[PDB]
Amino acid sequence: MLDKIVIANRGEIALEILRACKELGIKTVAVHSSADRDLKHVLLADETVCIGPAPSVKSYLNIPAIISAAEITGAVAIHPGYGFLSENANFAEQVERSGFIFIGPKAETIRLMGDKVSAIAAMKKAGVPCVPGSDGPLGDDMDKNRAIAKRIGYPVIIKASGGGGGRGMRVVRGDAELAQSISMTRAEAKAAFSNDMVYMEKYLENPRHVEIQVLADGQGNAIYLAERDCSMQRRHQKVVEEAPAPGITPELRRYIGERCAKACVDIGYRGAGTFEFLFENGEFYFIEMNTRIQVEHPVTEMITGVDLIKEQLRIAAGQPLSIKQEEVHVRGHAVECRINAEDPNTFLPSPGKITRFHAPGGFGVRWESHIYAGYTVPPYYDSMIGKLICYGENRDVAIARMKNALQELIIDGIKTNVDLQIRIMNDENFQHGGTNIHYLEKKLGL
């Protein structure tokens, strides 16, 4: 066990990490921007270090300051959570070169899987099925560019190799739009990711977003913890996540799961990670790996009994995996609704003061949030303000519970997506299950 860790994050994930540390008897160090001084996770941590002013670049992305916090507190490890620096290889290597355990994969693995182009190359080599595409970056030869398109079949999607969070993606319907679409994706990617490498991928018109949770100890053992369906999306971002994926058979789970576990071993993967697939006409197609814990980790926890953050900590401590593959069982069903305060016109976090707040309760209802009545939501970070996760003995029970939980939830003073979430739960097509990644945008007329 690690004696003391720095939690290099904020919000729900910092709260979840702190909870896991407490159960394992790990001393905690909270870093915060000056704006997050009074957040729940800061109050509850054993020690706190202010790591800079409000802007993320100055604080939560401030690598030297985070390392300093670790050194002055004498921590032995740093948990990056998700977002921020969690998939920053430079951060990972600095942490480890400064004599700290990085609670995540090796830096080289973050680089390998962090470049989406190279991630696909490694996956193909490993025997993991991928989306037909350019299999390498796109040049300026518009003849080979249109030929790749013909070989894979329109529509196609232009994707930023350094891309993330849904940004740096453009669909192309025909030859006529290809050249300019490639051009403004590169421009979009330069501006957002400081990397204008793009590739081409077949645009799948009827897939579900089905992702595989893995854990690997980096000592040769790797397991899959069933799957999640995250097909309810807007602007390529997830709104609702569930586990298990509706209608996925033990056969399909095992098929793709064992290929992911083998890929982990081939790449020397360490820690928690997720292989994201598009699933269409009975076939899985790898799109990317998230080399980190994910927002929606609790739905997997609910259906498997496996606390993924606890397992991150045991792995980081050097323990081999405490769970064998055949010990992983799927029981019941879980649904997560992300609660966001996003400006609907700009897609940016919506600042404001919460004037009235009440969290839902009851059996099978889990709420995770740093917000409280009188909280001022800052514009500096992301738009998620809470996570609502309901368990049921089956999917119908889980959805019904979620709907009731959402109607118990009170958040006044700021704009939220609570009303949208209730409408999704009441959606007949969602209730039947297996709706594809394109459904919500069409429903909403986007």
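All residue numbers refer to positions in the sequence shown, first residue = 1.
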If you average the CA temperature factors over each stretch, which comes out higher, 75 to 83 or 146 to 154? 146 to 154
Mean Cα B factor from the PDB record: higher for 308 to 316, or higher for 128 to 136? 128 to 136
Tell me, please, which of 54, 400, 411, 385 has the highest C-alpha B factor according to the deposited entry? 54
Looking at 359, 263, 328, 214, which one carries the largest C-alpha B-factor according to the PDB entry? 328
If you rank every modelled residue in this chain by C-alpha B factor, which third holds residue 417: lowest, middle or highest? lowest
Please say which third, lowest, middle or highest, residue 116 falls into when its CA temperature factor is compared across its chain. middle
Pull the Cα B-factor of residue 367 out of the PDB entry and bin it into the chain's lowest, middle or highest third. lowest
Relative to the other modelled residues in the chain, which third contains the C-alpha temperature factor of residue 31: lowest, middle or highest? middle
State the tercile, meaning the lowest, middle or highest third, of residue 6 with respect to the CA B-factors recorded for its chain. middle
